[PDB]
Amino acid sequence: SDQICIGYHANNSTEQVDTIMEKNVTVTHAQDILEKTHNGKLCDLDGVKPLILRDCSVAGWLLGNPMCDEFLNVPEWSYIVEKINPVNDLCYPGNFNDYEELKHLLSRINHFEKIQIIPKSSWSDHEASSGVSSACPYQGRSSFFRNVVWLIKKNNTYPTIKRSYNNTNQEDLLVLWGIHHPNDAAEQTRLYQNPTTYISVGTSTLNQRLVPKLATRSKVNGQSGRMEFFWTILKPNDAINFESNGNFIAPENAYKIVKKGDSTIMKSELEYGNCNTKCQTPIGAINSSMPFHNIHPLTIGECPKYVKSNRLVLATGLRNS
């Protein structure tokens, strides 16, 4: 006798999904939507290479720690990679004021061009070439941060300095300087004749007056003295004015901000892999079409959305048996 039956599909699929009322439910078809795979490398981001500081910190790079010469004139970058605890930081011990705010600024910058703003030859009445230290060695011999100059007395005199610089460029200008804190009055007079010193710095916005602090400190990198550095952004058409009768670590090079854009500073021990990606994380790059990944929260580029799940699978087909 004639008959017709109504039924549904079935196959050999072992793929499971979860529901609110039932776990591990085998279905005919499913769709994974969670990327779980990365190349374990640091790549170019859309063809543009990241700036991989090696054993150098951002401070070491910008101030010009002699061990960081590799980064003297760095090309455009997509993002910046810094180790958790770079070995080449402040060779002469001290501190960098508002360092975290500067590093934050860096995350919006893609390119500097370093320019010389005050030539070493322009220090007529001081010694501009005796400011070096064994804390900052270069090729076996004492040296110093390359982008600023440690000025000292000449002929047992330190005339008060009145030097100024007008930013005639179209770009914002990152200007760095510092002050040296000796350990005693003897070191004070020996380096800079004057016993009672100051550094004043002014711009449209800045109204600063620093005086050295003498104190007995523990040796770091063989030194009990400290260098304290400062920075500002000089607006185009504005000028910066320095006055000082000692302890001045004067600018030599500054940084034209010549490309702003989205960027970041990644903390990672990885080195440059020779690859290209559209999406980078501190532990590797992602090539995916998934809407989700679970690789790392910190991400740059065109990326999937990060999530803490180790499994996300959607059901497309029906229950299988």
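Position 1 is the first residue in the sequence shown; the rest follow in order.
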| property | result |
| --- | --- |
| Of 239-247 and 152-160, the one with larger mean CA B-factor | 152-160 |
| Which of 171-179 and 124-132 has higher mean CA B factor, as the PDB entry lists it | 124-132 |
| Chain-wide C-alpha B factor ranking for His111, given as lowest, middle or highest third | middle |
| Ranked against its chain, the third holding the CA B-factor of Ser78 | middle |
| Where the record places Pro86 (Cα B-factor, split into thirds across the chain) | middle |
| For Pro195, the third of its chain into which the C-alpha B factor falls | middle |
| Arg217 - Cα temperature factor, lowest/middle/highest third of chain | lowest |
